[PDB]
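Novice: Quick one, structure for this:
(chains A, B, C, D, E, F, G, H and I, ligands or ions: 14)
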Amino acid sequence: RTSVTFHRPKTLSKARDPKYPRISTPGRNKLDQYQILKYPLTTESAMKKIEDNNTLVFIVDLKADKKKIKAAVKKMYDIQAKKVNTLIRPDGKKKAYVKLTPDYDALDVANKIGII
Amino acid sequence: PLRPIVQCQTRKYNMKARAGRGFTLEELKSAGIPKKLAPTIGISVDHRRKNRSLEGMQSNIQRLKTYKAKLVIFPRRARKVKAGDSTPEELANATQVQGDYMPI
Amino acid sequence: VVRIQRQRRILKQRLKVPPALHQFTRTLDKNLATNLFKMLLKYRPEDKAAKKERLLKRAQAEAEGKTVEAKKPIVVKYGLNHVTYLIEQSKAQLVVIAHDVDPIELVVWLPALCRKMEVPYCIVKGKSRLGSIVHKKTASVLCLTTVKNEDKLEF
Amino acid sequence: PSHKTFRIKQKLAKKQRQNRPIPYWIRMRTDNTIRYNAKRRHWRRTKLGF
Amino acid sequence: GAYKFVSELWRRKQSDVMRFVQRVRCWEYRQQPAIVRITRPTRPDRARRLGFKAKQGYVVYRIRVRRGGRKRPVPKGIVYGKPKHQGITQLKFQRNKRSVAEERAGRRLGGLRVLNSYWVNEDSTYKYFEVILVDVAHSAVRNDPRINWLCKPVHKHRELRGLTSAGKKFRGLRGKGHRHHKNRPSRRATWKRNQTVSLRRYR
Amino acid sequence: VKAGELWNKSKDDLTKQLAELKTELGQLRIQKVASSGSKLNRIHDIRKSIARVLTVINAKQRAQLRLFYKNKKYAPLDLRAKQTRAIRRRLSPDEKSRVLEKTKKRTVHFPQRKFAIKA
RNA sequence: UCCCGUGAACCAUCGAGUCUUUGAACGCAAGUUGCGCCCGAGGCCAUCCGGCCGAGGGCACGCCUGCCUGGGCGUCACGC
RNA sequence: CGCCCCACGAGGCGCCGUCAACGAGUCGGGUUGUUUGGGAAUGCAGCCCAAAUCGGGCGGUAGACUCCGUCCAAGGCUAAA
RNA sequence: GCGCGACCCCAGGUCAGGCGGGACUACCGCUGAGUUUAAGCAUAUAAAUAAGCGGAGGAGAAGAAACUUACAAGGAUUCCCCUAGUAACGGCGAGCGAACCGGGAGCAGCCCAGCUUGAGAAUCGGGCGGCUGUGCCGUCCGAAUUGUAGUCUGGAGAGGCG
Ligand SMILES: [Mg+2]
Ligand SMILES: [Mg+2]
Ligand SMILES: [Mg+2]
Ligand SMILES: [Mg+2]
Ligand SMILES: [Mg+2]
Ligand SMILES: [Mg+2]
Ligand SMILES: [Mg+2]
Ligand SMILES: [Mg+2]
Ligand SMILES: [Mg+2]
Ligand SMILES: [Mg+2]
Ligand SMILES: [Mg+2]
Ligand SMILES: [Mg+2]
Ligand SMILES: [Mg+2]
Ligand SMILES: [Mg+2]
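Specialist: Residues are numbered from 1 along each chain as shown, chains lettered A, B, ... in the order given. Ligands and ions are numbered 1, 2, ... in the order given. Sharing the structure here:
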């Protein structure tokens, strides 16, 4: 040996392959789109945002992030979000402002579900 | 199970007889009841007690024969009659005796 | 673990070893051990595999021939309690004690017992080697009770 | 403060949902004894202590 | 039949043969941690008589405990009390060092069950004990009729309740007659019984 | 929807009804949002319909899951018997019955015999 | 539609299920929904037959039985 | 109620006298502290000393000898009241 | 230029497992006061108690004499009555304080270590496969001779004969 210092020799670690699964039942996706998008908001402030800013206001799950909101609005309503802005409301629910890419029309999206 | 006659200890009571724990090995062997069979047929044993005086030993021997005389034993199976078993007539006349069947 | 073991042999060196424990440290030679271990290798006990077919074979001898006919197989004897028993009955003819038994008290008194009972005894080097003969990991003692009539001279 | 944690914001939200007078129809149920909300809180009179 | 010889030599503890073997072992023990797994009993014959078997699930550990008494652990040796309780430094713990060791193993080895223990060595500062522990989850234990009793729930932490051999010693249960009658069922059970005021219905 | 009419179906068909009952629930949230009056009380029906279908798929999947592993294979932690921690750690009746050779000879020879007196 | 029946119910009862975030609390923390790593069903292209977003799920500590990987003239045998 | 029939193994019992193994820093003693109704020291614990095998522990006053009664520690399990 | 075998240690998100925490009526272990009483107070008493630290079960603990007794002796443990406010202990003050005998409730005794397989580890775990599935069978690895099984536990027992 040249070094005076004895280090820990490195050995093999074998990976896990258990003889029975600790979980048989699969995972349901409990935050699916209907959990993510609960219901659109119909406050007069929101109805302004539809015309003036091409925007849609939803009440969303408290555990949904901006990315999943973008995905779920494409599966449901088959549209595109240019930008999603969120805030957790003073009473505990999360509100998402969805801006549609300028292809789609927010008013026509508003009509196809019924808000205006 | 059957208890033998013993004298009490201590001057104040040595003139009084009472039930003891169990028969000694000599009392069991003199009456011809094997050591490891007695608890199985209703007779307690005491590997600790001693026989220092002949009369006490004689008294407890007679109890074992008196008990053996009025003891009846059912077979271990239905029809096989091995040693120590009894006649069917005996086993129908048999009831659960209650109280002190051998008073002291 | 390395540090303590090296000092353990060094501290052993420095201290005065009393005679009973220094009666080891005088082992049988290499020349004689190769001679002795040649004999022991002849009398290895029956291997695990070497043991199940004969019991399979003696099934037929019992099931049809209705006789057991296998004759006395002759092999070395081992196990400390067994060898001590053979020694005190004087059925032992050669005792083979490993120098490196730990705890040593298991064998310290064997030299005295074999000397008092007048059986030849040797101290070979390596308990792991004795265990190899009998198909164990270590053995710590061996003894040959009886040799075949072909090896009286060599024995 | 304006700088708060999510955990404190969560508890403050629940405290607001609980400052409401009881529904009127509760007063009509069979074998009812609730008169008013006996736990109403006012920010200037009783502090939350959290 | 070799266990008789090894036991007799261990009786002769002032012989030079035993003084040398123990002196070197005491050196090494002092060089190891206070609670160490060991592969085989160093006193196999003393282990045999204490119920140890060479079976899977039996483990032996070596524990080191300190020697001496129990100084009162108070902030400066200051006692706020009557002069009868003001002593500090000649007081003695009521459990023997054997009991202290088996529970040190017991707490650390929370998954195993203490069976017995036995002295191996000592010097002026430490005493060394080897504790026989049992894996009551091992199937080679659960199928042994002689040791199944240790798997029942009523035997959890026997050493912490004073129920091993050392526990039976400092509890005064080695002995039977007068001179020991207050220790059975327990010293505190005896005290409670003698304290009771029995007010019968017709009195 | 009825419990019986779901237990007698195929896996994919159960998945459909979950999907569409889920869609009907999403639209009923919006009347509450906008309108009122009468269909506000289909939510409780639809909400329990989803739960009932979820129960059916789930209760079914364990019957298969147990069946596949009920070759007395190693069982998953979610399919093993949860009774109490104490019960699971007991000894088996066969283990509690292991007796020693000497003690069980004490029963082959010299069992406790049936006897009477006065004879 | 639930009324001579798969059948109401703030009904009783219990075997089938679900069971958010935590807590002995277990990936590291915590006046933080803060900070890592690993696996990975599913989908996209091809900068490979690889890489990209993944649904879900792991990664605490001590201990026992077995195993795999390895270390030290500690004791040997055999060599070179 | 039915079929299966227990053994050359083990056990009981009768004699024999040849053997007859039985738990160690443990017991035991001193000293210290605690505890007890336990009083020349009831149990327990520290430290020191440290066993025996015609031997060991007891017989509520410390001590030596002769006899006498008594039990066999230092490993473990065990219902019911 | 090696490959050995064992010893003692490693590191593994290795296969499979068991640990910790909670509740306080009663149970087991440790530690541990002072108020108070003594018409003051210090040993004593309060008390081997309260508080403190732990460990269990449905009961727990104890239990089969290295026991008592002094008798014509008895015979595991626990609980009740009695012994008994007694023998004893105690600034012999204040106070404190059991046990044996006897009578009841309930009764039950067991198993190891060691000389004692040596023609033969006859024992045990695990993977895998099968089936009658709380287990049994086959097979392959391993534990263990520094000792698994069987015998045996002083009441005995090994032998021998019948
Ligand atoms: Mg924001
Ligand atoms: Mg103010
Ligand atoms: Mg104080
Ligand atoms: Mg004292
Ligand atoms: Mg007990
Ligand atoms: Mg104390
Ligand atoms: Mg008071
Ligand atoms: Mg006063
Ligand atoms: Mg006063
Ligand atoms: Mg005063
Ligand atoms: Mg308390
Ligand atoms: Mg108990
Ligand atoms: Mg009176
Ligand atoms: Mg008192």
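Novice: now the residue nearest the centre of chain A, nearest residue through space, not along the chain?
Specialist: Central residue of chain A (Cα atoms, centre = their mean): residue A:68, 2.1 Å from the mean position. Beyond its immediate neighbours in the sequence, the residue positioned closest to residue A:68 (Cβ to Cβ, 6 or more residues apart in numbering or on different chains) is residue A:36, lying 5.7 Å away. (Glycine included, C-beta is placed from N, CA and C.)
Novice: Now residue C:121: phi and psi?
Specialist: Per-residue torsions, residue C:121: phi -140, psi 150 (degrees, to the nearest 10).
Novice: That one: neighbouring residues, count only.
Specialist: 19 (other Cβ atoms under 10 Å in any protein chain shown).
Novice: and residue C:28, what is it in contact with?
Specialist: C:36, C:122, C:123, C:124, C:125 (Cβ atoms under 8 Å, 6 or more residues apart in numbering or on different chains).
Novice: returning to what we had before: roughly how far is the helix or strand containing the residue nearest to the centre of chain A from the heart of the chain?
Specialist: Assigned by DSSP states H and E, residue A:68 belongs to helix A:66-75. Centroid displacement of helix A:66-75 relative to its chain, using Cα atoms, centre = their mean, to the nearest Å, is 5 Å.
Novice: Chain F: strands as residue ranges?
Specialist: Counting by DSSP state E, chain F has strands at residues F:115-117.
Novice: and it, which of its residues are near RNA strand H?
Specialist: Within chain F, the positions lying close to RNA strand H (Cβ under 7 Å from any atom of the strand) are F:105, F:109.
Novice: Let's see that with 10 Å instead.
Specialist: F:100, F:101, F:102, F:105, F:106, F:108, F:109, F:110 (Cβ under 10 Å from any atom of the strand).
Novice: will you turn the residues you listed into TSV that also has neighbour count and distance to chain C?
Specialist: Shown next, in TSV, are the residues of chain F next to RNA strand H (neighbours: other Cβ atoms under 10 Å in any protein chain shown; distance: Cβ to the nearest Cβ, whole Å):
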residue	neighbour count	distance to chain C
F:100	11	23
F:101	8	22
F:102	7	22
F:105	11	26
F:106	14	29
F:108	7	27
F:109	9	29
F:110	16	34
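Novice: And the helices in chain F, which stretches?
Specialist: Here chain F has its helices, by DSSP state H, at F:3-7, F:11-33, F:42-69, F:85-88, F:93-97, F:101-108.
Novice: quick check: longest helix of chain E.
Specialist: Of all segments of type helix in chain E, defined using DSSP H, the longest is helix E:16-30.
Novice: partners of residue E:114 in the sheet?
Specialist: Using DSSP bridges, the bridge partners assigned to residue E:114 are residue E:133.
Novice: what does chain A have sitting close to chain B?
Specialist: By Cβ under 8 Å from any Cβ of the partner chain, no part of chain A sits against chain B.
Novice: For chain E, which segments count as strands?
Specialist: E:35-38, E:58-66, E:113-122, E:126-134.
Novice: Then chain B?
Specialist: Secondary structure of chain B (DSSP E): strands located at B:5-7, B:17-19, B:71-73.
Novice: Walk me through which strands the last one pairs with, and which way each runs.
Specialist: Counting by DSSP bridges, the strands paired with strand B:71-73 are strand F:115-117 (antiparallel).
Novice: about what we covered before: and the longest helix of chain E with strand E:58-66, angle?
Specialist: Comparing the axes of helix E:16-30 and strand E:58-66 via axes from the mean of the first three to the mean of the last three Cα atoms, to 10 degrees yields an angle of 80 degrees.
Novice: list the buried ones in helix E:16-30?
Specialist: The neighbour-count check on helix E:16-30 (16 or more other Cβ atoms under 10 Å in any protein chain shown) flags E:17, E:18, E:20, E:21, E:22, E:25, E:26, E:27, E:29 as buried.
Novice: what residues are up against the last one?
Specialist: Contacts for residue E:29 (Cβ under 8 Å, 6+ apart) come out as E:62, E:64, E:120, E:121, E:126, E:128.
Novice: same deal with the second one?
Specialist: Remark: with contacts taken as Cβ under 8 Å, 6+ apart, residue E:18 is in contact with C:105, E:9, E:10, E:12.
Novice: could you redo those residues as a markdown table and give each row distance to residue F:59 and neighbour count?
Specialist: Shown next, in a markdown table, are the contacts of residue E:18 (distance: Cβ to Cβ, whole Å; neighbours: other Cβ atoms under 10 Å in any protein chain shown):
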| residue | distance to residue F:59 | neighbour count |
| --- | --- | --- |
| C:105 | 67 | 21 |
| E:9 | 71 | 19 |
| E:10 | 67 | 14 |
| E:12 | 75 | 11 |
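Novice: So which of the residues you listed are in helices?
Specialist: When DSSP H defines the helices, the subset of the contacts of residue E:18 inside them is E:9, E:10.
Novice: From the contacts of residue E:18, pick the one nearest chain B.
Specialist: Lowest distance from chain B to the contacts of residue E:18 (Cβ to the nearest Cβ) belongs to residue E:10, with 34.0 Å.
Novice: Could I get the contacting residues of the closest one?
Specialist: C:105, E:18, E:43, E:45, E:46.
Novice: which among the residues you listed gets closest to RNA strand I?
Specialist: Nearest to RNA strand I out of the contacts of residue E:10 is residue E:45 (Cβ to the nearest atom of the strand; 6.7 Å).
Novice: How much space separates that closest one from chain B?
Specialist: According to Cβ to the nearest Cβ, to the nearest Å, residue E:45 stands 30 Å off from chain B.
Novice: check contacts around the nearest residue to that residue once chain neighbours are set aside.
Specialist: Nearest non-adjacent residue to residue E:45, counting by Cβ to Cβ, 6+ apart: residue E:3, 4.4 Å away. Contacts for residue E:3 (Cβ under 8 Å, 6+ apart) come out as C:81, E:44, E:45, E:48.
Novice: and the gap between residue E:3 and RNA strand I?
Specialist: Counting by Cβ to the nearest atom of the strand, to the nearest Å, the gap from residue E:3 to RNA strand I is 4 Å.
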